[PDB]
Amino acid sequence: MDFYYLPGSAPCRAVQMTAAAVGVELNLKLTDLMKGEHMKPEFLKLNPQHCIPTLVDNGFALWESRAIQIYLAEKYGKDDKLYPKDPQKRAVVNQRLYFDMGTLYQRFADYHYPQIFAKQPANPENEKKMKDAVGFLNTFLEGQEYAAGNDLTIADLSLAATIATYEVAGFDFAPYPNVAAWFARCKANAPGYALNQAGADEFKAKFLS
C-alpha cells in the first residue's frame, strides 16, 4: 500500500496512527508539497485533487484522511472497538471525525497557515474561533475517556493528529482540563503515536522555528 505523505501533515499523521492500530504496513512515499511534488503528472493521475495523504491499496487510490482511516479500520481492522458497527456508536465517531475536519483542524488552519505560509498578520477573530473549537472538544470529553466514548477510536487518532499540531503551534490548553487529560491519554495509548509526535516536531522546526 503506497502512502503519499509528509510527517508534518496532521491528516497524514492520523492515517499513520490508524495504520499502526490495524497493523497495516505502509510504503512511505515522501511527497514534498513545498517542491510541488503533489503536482507531478504521475500523482495527478492517481489523485486529480493533488493532495496528501493519498493511499494506493493494490491499484485503488484514495484520499481524504478520514475516509482512508475508515477504509483501514473496516477492511483490515480485526477489533470492532476502533470503529464500532453499532449505528449509534459509529454515528458519534463519525460526528467526531467531521468535527475534527470542519471545525477543529479547519479553524487551526484558518488561523495559522496564513501566518506561517503567507506571513500575514494574526487574525484575532479567528483566534477566538480556534479557542472555541477546543472548548467544544473539552465539552464532548466531559465524563468520558475518549472522544466518542470510553474506547479509543479512529476519531481519537484524527483528533490527536490535530491537537498535537495545536500544541506545537503554542496553544495553551490550560483552560481545558478534559482536553489536556485526554491528550495525555492518547500519547500513552494511541497506536503509533511516536509517528504523530515526530511529525508535529518536524512541523515545528520546519515552518514554526
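Numbers follow the displayed sequence, beginning with 1.
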94-102 or 108-116, whichever carries the higher mean Cα B-factor: 108-116
Taking the mean of the C-alpha B-factors per stretch from the entry, tell me the winner out of 41-49 and 153-161. 41-49
By the recorded C-alpha temperature factor, relative to the other modelled residues in its chain, which third is residue 89 in? lowest
Ranking the modelled residues of this chain by C-alpha B-factor as given in the entry, is residue 83 in the lowest, middle or highest third? middle
In terms of the CA temperature factor given in the entry, to which third of its chain does residue 194 belong: lowest, middle or highest? middle
Which third, lowest, middle or highest, does the C-alpha temperature factor of residue 70 belong to within its own chain? lowest
Of the three thirds of Cα B-factor ranks in this chain, residue 172 occupies the highest
